[PDB]
Structures are given as structure tokens and as C-alpha cells.
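Below is one structure, written out as C-alpha cells; the observations come after it.
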Amino acid sequence: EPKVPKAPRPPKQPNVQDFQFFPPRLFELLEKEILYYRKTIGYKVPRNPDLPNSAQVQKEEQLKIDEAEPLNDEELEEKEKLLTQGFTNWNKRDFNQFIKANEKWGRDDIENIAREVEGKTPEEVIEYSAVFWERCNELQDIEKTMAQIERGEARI
Amino acid sequence: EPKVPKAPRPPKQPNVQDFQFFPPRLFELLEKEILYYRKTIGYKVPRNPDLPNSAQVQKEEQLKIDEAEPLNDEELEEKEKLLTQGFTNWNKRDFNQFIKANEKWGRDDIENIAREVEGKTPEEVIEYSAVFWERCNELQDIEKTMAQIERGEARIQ
Ligand SMILES: [Mg+2]
Ligand SMILES: [Mg+2]
């Protein structure tokens, strides 16, 4: 069991993914919603043993919940648009197939990559690839994913 | 927002979907985990002043939380198995394409339904279809969904 359980999130919040490359502003808005949700259910931040200024960390995090407020019409307007500015049509399977195809054919072989990504057209793949190679650093576990593809691309 | 905020769930809980038809026992086990999570974070059930005898309901719910316990070894083993007894490889796009293909070609045209479900072969479609028609009654917006399908099969005549 976690020394500190993961803090709760709004049950009906959108399941946006890192590989969909939405803009960072979207997550700032999502974090506002998460903090407000925590305020509404009376969530209290547990103090963390290690960290020295634990009392300071805990207080900092609680204050963020304490001062949380709903998203106003402006912000709500902004979020709606932001949710269209990502690769909403790319799911986990598309991503995994994209990664395996790159390892197999090399990031250059767009024709073969698209052929192996079942839910996507060459057009969709060229567009996604351009963004992927531009901000894949934002992803998590990429250092391992980049070496994995580099091993296969170089192994060819 | 809701009058009463939705109660918290473990952020790390498996994301099982209704259209994946997992055994109902699995959700009974996931509920035990949700209750233990709520106990674990100190969550308090709010009193819904609009239920009549809301005091009793509140106390009943809070007791379920207060008496919550983690899953034992047996249940942990049962859960791991149940997590493989659903259509784990069927995602939301597969499901949406399946539904639209049934409306577009009729439920018996496996050849065309499979062609339109990009990530599934005809064999996988038959297996899913066999369960779907057995308990699609468990799905959220089924009446509407089924009416539309019965309509597509109607236009086809
Ligand atoms: Mg393709
Ligand atoms: Mg198919």
C-alpha cells in the first residue's frame, strides 16, 4: 500500500493522453478542475515524512486546494477549443502500432508505417509523425522507447 | 456541478468498459478496492438533505467505508483472472465501428462488419458478436443503440 495514496481525480474527466500532444494550457485547465474537485469532496493532503519541509510542502499543496475555484465561462470556452487541438483520433493501439512500425521500418518509411497502423491513413501518419519527432520528449518512458526503436532501426 | 460530488475512485484502477463484457464478479471486487481507497484517503460521505432519512443513508454508506479492507490473496488472484475474462483487446473505436457496421449491413453480415472494424478479424467479430447479442442489455444507452440498428436493418429490408 502507498505511503501516500494517489490523490483523487474527477471521475468524469476526459482521458487525454500524452501521445495525443494536446497543448500544455489544456492540462493547466484540467489541473484547475482536479483541484476544485478535491475541494468539493474535502480532500486533505497527507504530510509526507521525508522532505524536511514536509510541513511546508503539505501546506503548499493544501492551499492550492483551498483556493481552488470552478472554471468560468471564458476558461470553459478555452478548454473546448484546446480539446480539438490534439490528436483526438489517435488511441493507445494506434500509438503502439506506430511505435512498432518505426522500430521495424525506421522513422523514414512512412509508406510502411501507415500500412501497419490499422486505424490511420498515410496523410494521418505524416501529420502525426511530424509532431511526434518534434515533441516526443514530452512523453513518459520515451528514453526507453527511443532506445528501443533506435535498436531496431539500427539493427536493420 | 452535481448537488453531491461523485465519490472518489483510485486513480490507478483498471479502466474496464461495459462493452468489454467483463464478468460482474470483477466489479464487485473493484468496489471493495474503491471503498478501501476511500477509507485510505479519509473520504466522508456527505449528507444528501434531499432523500428523506438521509441521515440513515449517510451512516450506512460511511460504515461501508469504515469497515473497508484491502483484497486478500484469494481475491487478488480472482481479480487477476477475471481481468482476462473480458474483451480486453476491444477498444472504444472497435466498438463504435462494430455498432455502425451492424446498422450499415445488418447483424448477420459478418464479412462486412469485420471489414469495417479495422482492428478485428472476422473470427474475432463472431466471438464478440455472440456475447454482445447475449448481454448487450447491460450497456448504458442500448435501447437507443438497438433502435438505430433495428432501423438500419429496416432500411436494408
Ligand atoms: Mg493505415
Ligand atoms: Mg477487420
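Please note that chains go A, B, ... in the order of the C-alpha cells, that every chain numbers its residues from 1, and that ligands are numbered from 1 in the order shown.
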
Expected selection as a ChimeraX atom specification for ligand 1 within 8 Å, only C-alpha atoms and all ligand atoms: /A:113-122,125

Since we have the selection now, will you write its residues out, keeping N, CA, C and O atoms, as a PDB file, in the first residue's frame?
ATOM      1  N   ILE A 113       4.917   2.437 -42.510  1.00  0.00           N
ATOM      2  CA  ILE A 113       4.407   2.723 -41.170  1.00  0.00           C
ATOM      3  C   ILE A 113       2.890   2.858 -41.242  1.00  0.00           C
ATOM      4  O   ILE A 113       2.177   2.264 -40.443  1.00  0.00           O
ATOM      5  N   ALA A 114       2.399   3.619 -42.216  1.00  0.00           N
ATOM      6  CA  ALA A 114       0.961   3.799 -42.381  1.00  0.00           C
ATOM      7  C   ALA A 114       0.282   2.464 -42.659  1.00  0.00           C
ATOM      8  O   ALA A 114      -0.806   2.194 -42.156  1.00  0.00           O
ATOM      9  N   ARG A 115       0.922   1.633 -43.475  1.00  0.00           N
ATOM     10  CA  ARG A 115       0.367   0.329 -43.802  1.00  0.00           C
ATOM     11  C   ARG A 115       0.169  -0.496 -42.556  1.00  0.00           C
ATOM     12  O   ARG A 115      -0.749  -1.308 -42.490  1.00  0.00           O
ATOM     13  N   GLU A 116       1.027  -0.291 -41.560  1.00  0.00           N
ATOM     14  CA  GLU A 116       0.915  -1.086 -40.362  1.00  0.00           C
ATOM     15  C   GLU A 116       0.181  -0.442 -39.203  1.00  0.00           C
ATOM     16  O   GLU A 116       0.012  -1.057 -38.145  1.00  0.00           O
ATOM     17  N   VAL A 117      -0.273   0.769 -39.391  1.00  0.00           N
ATOM     18  CA  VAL A 117      -1.093   1.415 -38.389  1.00  0.00           C
ATOM     19  C   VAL A 117      -2.515   1.296 -38.917  1.00  0.00           C
ATOM     20  O   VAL A 117      -2.960   2.113 -39.705  1.00  0.00           O
ATOM     21  N   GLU A 118      -3.211   0.251 -38.481  1.00  0.00           N
ATOM     22  CA  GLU A 118      -4.560  -0.055 -38.951  1.00  0.00           C
ATOM     23  C   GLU A 118      -5.568   1.091 -39.004  1.00  0.00           C
ATOM     24  O   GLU A 118      -6.264   1.257 -40.002  1.00  0.00           O
ATOM     25  N   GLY A 119      -5.651   1.894 -37.954  1.00  0.00           N
ATOM     26  CA  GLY A 119      -6.626   2.965 -37.980  1.00  0.00           C
ATOM     27  C   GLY A 119      -6.174   4.287 -38.571  1.00  0.00           C
ATOM     28  O   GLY A 119      -6.790   5.309 -38.280  1.00  0.00           O
ATOM     29  N   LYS A 120      -5.142   4.297 -39.415  1.00  0.00           N
ATOM     30  CA  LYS A 120      -4.673   5.570 -39.957  1.00  0.00           C
ATOM     31  C   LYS A 120      -4.179   5.575 -41.399  1.00  0.00           C
ATOM     32  O   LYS A 120      -3.549   4.623 -41.863  1.00  0.00           O
ATOM     33  N   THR A 121      -4.445   6.684 -42.088  1.00  0.00           N
ATOM     34  CA  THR A 121      -4.045   6.869 -43.478  1.00  0.00           C
ATOM     35  C   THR A 121      -2.645   7.486 -43.560  1.00  0.00           C
ATOM     36  O   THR A 121      -2.157   8.059 -42.586  1.00  0.00           O
ATOM     37  N   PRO A 122      -1.980   7.373 -44.725  1.00  0.00           N
ATOM     38  CA  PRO A 122      -0.636   7.941 -44.883  1.00  0.00           C
ATOM     39  C   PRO A 122      -0.651   9.423 -44.511  1.00  0.00           C
ATOM     40  O   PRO A 122       0.280   9.927 -43.896  1.00  0.00           O
ATOM     41  N   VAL A 125      -0.686   9.714 -40.811  1.00  0.00           N
ATOM     42  CA  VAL A 125       0.620   9.318 -40.288  1.00  0.00           C
ATOM     43  C   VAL A 125       1.711  10.372 -40.507  1.00  0.00           C
ATOM     44  O   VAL A 125       2.518  10.623 -39.619  1.00  0.00           O
TER      45      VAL A 125
END

Counting only C-alpha atoms, chain B residues within 7 Å of chain A, as a list in words: residues 5, 6, 8, 9, 10, 11, 43, 118 and 119 of chain B

Dump the neighbourhood of ligand 2 as a short mmCIF file (atom, residue, chain, number, x, y, z; two decimals) with N, CA, C and O atoms, in the first residue's frame: all residues within 6 Å, distances computed on only C-alpha atoms and all ligand atoms.
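Resulting contents of part_7.cif:
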data_model
loop_
_atom_site.label_atom_id
_atom_site.label_comp_id
_atom_site.auth_asym_id
_atom_site.auth_seq_id
_atom_site.Cartn_x
_atom_site.Cartn_y
_atom_site.Cartn_z
N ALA B 114 -16.82 -7.16 -40.19
CA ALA B 114 -15.40 -7.33 -39.93
C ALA B 114 -14.56 -6.37 -40.76
O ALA B 114 -13.58 -5.81 -40.27
N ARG B 115 -14.94 -6.19 -42.02
CA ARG B 115 -14.19 -5.29 -42.88
C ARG B 115 -14.21 -3.86 -42.32
O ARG B 115 -13.19 -3.17 -42.38
N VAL B 117 -14.58 -3.00 -39.13
CA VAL B 117 -13.95 -2.89 -37.82
C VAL B 117 -12.46 -3.11 -38.07
O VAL B 117 -11.95 -4.22 -37.96
N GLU B 118 -11.79 -2.01 -38.39
CA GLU B 118 -10.37 -2.01 -38.71
C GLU B 118 -9.46 -2.92 -37.89
O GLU B 118 -8.62 -3.61 -38.46
N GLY B 119 -9.63 -2.95 -36.58
CA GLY B 119 -8.74 -3.78 -35.80
C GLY B 119 -9.18 -5.18 -35.42
O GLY B 119 -8.59 -5.76 -34.51
N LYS B 120 -10.18 -5.73 -36.11
CA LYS B 120 -10.67 -7.07 -35.78
C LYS B 120 -10.93 -7.94 -37.01
O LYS B 120 -11.46 -7.46 -38.02
N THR B 121 -10.57 -9.21 -36.90
CA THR B 121 -10.76 -10.17 -37.98
C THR B 121 -12.19 -10.70 -37.92
O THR B 121 -12.91 -10.44 -36.96
#

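If you look at CA of residue 32 in chain B and CA of residue 81 in chain B, they are 16.5 Å away from each other.
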
Distance in Å - CA of residue 64 in chain A versus CA of residue 35 in chain A: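 Answer for the CA of residue 64 in chain A to CA of residue 35 in chain A separation: 7.1 Å.
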
Who sits within 10 Å of residue 82 in chain A, only C-alpha atoms, same chain under 5 positions skipped, as a PyMOL selection string: chain A and resi 22-27+29+76-77

Emit the selected residues as a PDB file, in the first residue's frame, including N, CA and C atoms.
ATOM      1  N   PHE A  22      -1.664  17.307 -26.825  1.00  0.00           N
ATOM      2  CA  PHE A  22      -2.505  18.484 -26.667  1.00  0.00           C
ATOM      3  C   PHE A  22      -1.621  19.604 -26.124  1.00  0.00           C
ATOM      4  N   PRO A  23      -2.084  20.855 -26.211  1.00  0.00           N
ATOM      5  CA  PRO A  23      -1.206  21.896 -25.667  1.00  0.00           C
ATOM      6  C   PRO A  23      -1.172  21.892 -24.128  1.00  0.00           C
ATOM      7  N   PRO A  24      -0.036  22.299 -23.534  1.00  0.00           N
ATOM      8  CA  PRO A  24       0.149  22.356 -22.080  1.00  0.00           C
ATOM      9  C   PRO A  24      -0.928  23.165 -21.354  1.00  0.00           C
ATOM     10  N   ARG A  25      -1.487  24.168 -22.032  1.00  0.00           N
ATOM     11  CA  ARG A  25      -2.524  25.005 -21.433  1.00  0.00           C
ATOM     12  C   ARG A  25      -3.727  24.157 -21.056  1.00  0.00           C
ATOM     13  N   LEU A  26      -4.003  23.134 -21.857  1.00  0.00           N
ATOM     14  CA  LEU A  26      -5.125  22.254 -21.565  1.00  0.00           C
ATOM     15  C   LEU A  26      -4.953  21.619 -20.181  1.00  0.00           C
ATOM     16  N   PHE A  27      -3.766  21.105 -19.900  1.00  0.00           N
ATOM     17  CA  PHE A  27      -3.542  20.478 -18.600  1.00  0.00           C
ATOM     18  C   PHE A  27      -3.579  21.458 -17.431  1.00  0.00           C
ATOM     19  N   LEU A  29      -5.723  23.825 -17.221  1.00  0.00           N
ATOM     20  CA  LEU A  29      -7.152  23.917 -17.010  1.00  0.00           C
ATOM     21  C   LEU A  29      -7.665  22.634 -16.370  1.00  0.00           C
ATOM     22  N   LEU A  76     -13.892  27.867 -19.703  1.00  0.00           N
ATOM     23  CA  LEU A  76     -14.644  26.746 -20.261  1.00  0.00           C
ATOM     24  C   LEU A  76     -14.638  26.830 -21.772  1.00  0.00           C
ATOM     25  N   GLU A  77     -14.663  28.059 -22.276  1.00  0.00           N
ATOM     26  CA  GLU A  77     -14.657  28.316 -23.712  1.00  0.00           C
ATOM     27  C   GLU A  77     -13.306  27.865 -24.249  1.00  0.00           C
TER      28      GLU A  77
END

Closest of B:55, B:29, B:131, B:142 to residue 72 in chain B - atom-to-atom distances counting only C-alpha atoms: B:29

Surrounding residues of residue 47 in chain A excluding itself and chain neighbours under 2 positions, 8 Å, only C-alpha atoms, as a PyMOL selection string: chain A and resi 45+49+54-55+57-58

Chain A: residues DSSP assigns to alpha helix (DSSP H), reported as a VMD selection string: chain A and resid 24 to 40 54 to 66 73 to 82 92 to 105 110 to 116 122 to 135 142 to 155

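Taking only C-alpha atoms into account, residue 156 in chain A lies nearest to A:105 out of the set A:128, A:105, A:95, A:133.
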
Residues near residue 66 in chain B, anyone? I mean within 10 Å using only C-alpha atoms, not counting same-chain ones fewer than 6 positions away, as a CSV table (one decimal) with C-alpha atoms, in the first residue's frame.
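What ended up in around_38.csv:
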chain,number,residue,atom,x,y,z
B,35,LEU,CA,-14.2,1.5,-0.7
B,36,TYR,CA,-10.8,0.7,0.7
B,38,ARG,CA,-12.0,6.0,0.1
B,39,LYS,CA,-11.1,4.7,3.7
B,40,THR,CA,-7.5,5.2,2.9
B,42,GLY,CA,-10.3,9.8,4.7
B,43,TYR,CA,-13.2,10.5,2.4
B,44,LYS,CA,-16.5,11.3,4.2
B,60,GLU,CA,-24.9,3.3,6.1

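Proximity to residue 33 in chain A was assessed for A:14, A:152, A:52, A:106 counting only C-alpha atoms; the smallest distance is recorded for A:14.
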
Who sits within 12 Å of residue 107 in chain A, only C-alpha atoms, same chain under 5 positions skipped, as a ChimeraX atom specification: /A:98-102,112-114,125-126,128-130,132-133,146,149-150,152-154

Output N, CA and C atoms for every residue in that selection, as a PDB file, in the first residue's frame.
ATOM      1  N   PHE A  98       2.182   2.478 -34.227  1.00  0.00           N
ATOM      2  CA  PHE A  98       3.073   3.477 -34.812  1.00  0.00           C
ATOM      3  C   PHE A  98       4.498   3.209 -34.320  1.00  0.00           C
ATOM      4  N   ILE A  99       4.654   3.030 -33.008  1.00  0.00           N
ATOM      5  CA  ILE A  99       5.969   2.768 -32.424  1.00  0.00           C
ATOM      6  C   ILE A  99       6.616   1.473 -32.970  1.00  0.00           C
ATOM      7  N   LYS A 100       5.876   0.369 -32.988  1.00  0.00           N
ATOM      8  CA  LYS A 100       6.435  -0.882 -33.501  1.00  0.00           C
ATOM      9  C   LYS A 100       6.816  -0.801 -34.977  1.00  0.00           C
ATOM     10  N   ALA A 101       6.051  -0.041 -35.762  1.00  0.00           N
ATOM     11  CA  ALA A 101       6.324   0.096 -37.191  1.00  0.00           C
ATOM     12  C   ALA A 101       7.606   0.900 -37.410  1.00  0.00           C
ATOM     13  N   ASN A 102       7.833   1.895 -36.558  1.00  0.00           N
ATOM     14  CA  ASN A 102       9.033   2.721 -36.628  1.00  0.00           C
ATOM     15  C   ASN A 102      10.250   1.859 -36.285  1.00  0.00           C
ATOM     16  N   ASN A 112       5.363   2.253 -45.236  1.00  0.00           N
ATOM     17  CA  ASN A 112       5.204   1.018 -44.470  1.00  0.00           C
ATOM     18  C   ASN A 112       4.656   1.262 -43.066  1.00  0.00           C
ATOM     19  N   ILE A 113       4.917   2.437 -42.510  1.00  0.00           N
ATOM     20  CA  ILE A 113       4.407   2.723 -41.170  1.00  0.00           C
ATOM     21  C   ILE A 113       2.890   2.858 -41.242  1.00  0.00           C
ATOM     22  N   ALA A 114       2.399   3.619 -42.216  1.00  0.00           N
ATOM     23  CA  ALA A 114       0.961   3.799 -42.381  1.00  0.00           C
ATOM     24  C   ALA A 114       0.282   2.464 -42.659  1.00  0.00           C
ATOM     25  N   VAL A 125      -0.686   9.714 -40.811  1.00  0.00           N
ATOM     26  CA  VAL A 125       0.620   9.318 -40.288  1.00  0.00           C
ATOM     27  C   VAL A 125       1.711  10.372 -40.507  1.00  0.00           C
ATOM     28  N   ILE A 126       1.745  10.983 -41.689  1.00  0.00           N
ATOM     29  CA  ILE A 126       2.742  12.012 -41.955  1.00  0.00           C
ATOM     30  C   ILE A 126       2.532  13.168 -40.969  1.00  0.00           C
ATOM     31  N   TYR A 128       1.001  13.077 -37.953  1.00  0.00           N
ATOM     32  CA  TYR A 128       1.332  12.697 -36.587  1.00  0.00           C
ATOM     33  C   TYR A 128       2.850  12.599 -36.386  1.00  0.00           C
ATOM     34  N   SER A 129       3.529  11.991 -37.350  1.00  0.00           N
ATOM     35  CA  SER A 129       4.976  11.820 -37.263  1.00  0.00           C
ATOM     36  C   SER A 129       5.718  13.155 -37.099  1.00  0.00           C
ATOM     37  N   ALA A 130       5.315  14.158 -37.869  1.00  0.00           N
ATOM     38  CA  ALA A 130       5.941  15.474 -37.799  1.00  0.00           C
ATOM     39  C   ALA A 130       5.874  16.029 -36.378  1.00  0.00           C
ATOM     40  N   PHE A 132       5.259  14.097 -33.577  1.00  0.00           N
ATOM     41  CA  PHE A 132       5.904  13.139 -32.688  1.00  0.00           C
ATOM     42  C   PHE A 132       7.408  13.357 -32.557  1.00  0.00           C
ATOM     43  N   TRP A 133       8.075  13.567 -33.682  1.00  0.00           N
ATOM     44  CA  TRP A 133       9.512  13.743 -33.642  1.00  0.00           C
ATOM     45  C   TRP A 133       9.905  15.127 -33.150  1.00  0.00           C
ATOM     46  N   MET A 146      12.676   5.424 -27.196  1.00  0.00           N
ATOM     47  CA  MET A 146      13.574   5.948 -28.221  1.00  0.00           C
ATOM     48  C   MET A 146      14.760   5.013 -28.446  1.00  0.00           C
ATOM     49  N   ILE A 149      13.443   1.754 -30.371  1.00  0.00           N
ATOM     50  CA  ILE A 149      13.295   1.952 -31.809  1.00  0.00           C
ATOM     51  C   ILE A 149      14.674   2.101 -32.443  1.00  0.00           C
ATOM     52  N   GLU A 150      15.573   2.781 -31.736  1.00  0.00           N
ATOM     53  CA  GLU A 150      16.935   3.003 -32.211  1.00  0.00           C
ATOM     54  C   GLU A 150      17.701   1.684 -32.340  1.00  0.00           C
ATOM     55  N   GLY A 152      16.234  -1.258 -33.107  1.00  0.00           N
ATOM     56  CA  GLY A 152      15.691  -1.958 -34.257  1.00  0.00           C
ATOM     57  C   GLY A 152      16.033  -1.261 -35.562  1.00  0.00           C
ATOM     58  N   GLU A 153      15.951   0.067 -35.557  1.00  0.00           N
ATOM     59  CA  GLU A 153      16.256   0.864 -36.741  1.00  0.00           C
ATOM     60  C   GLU A 153      17.729   0.704 -37.096  1.00  0.00           C
ATOM     61  N   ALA A 154      18.568   0.608 -36.069  1.00  0.00           N
ATOM     62  CA  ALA A 154      19.992   0.440 -36.284  1.00  0.00           C
ATOM     63  C   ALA A 154      20.346  -1.015 -36.522  1.00  0.00           C
TER      64      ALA A 154
END
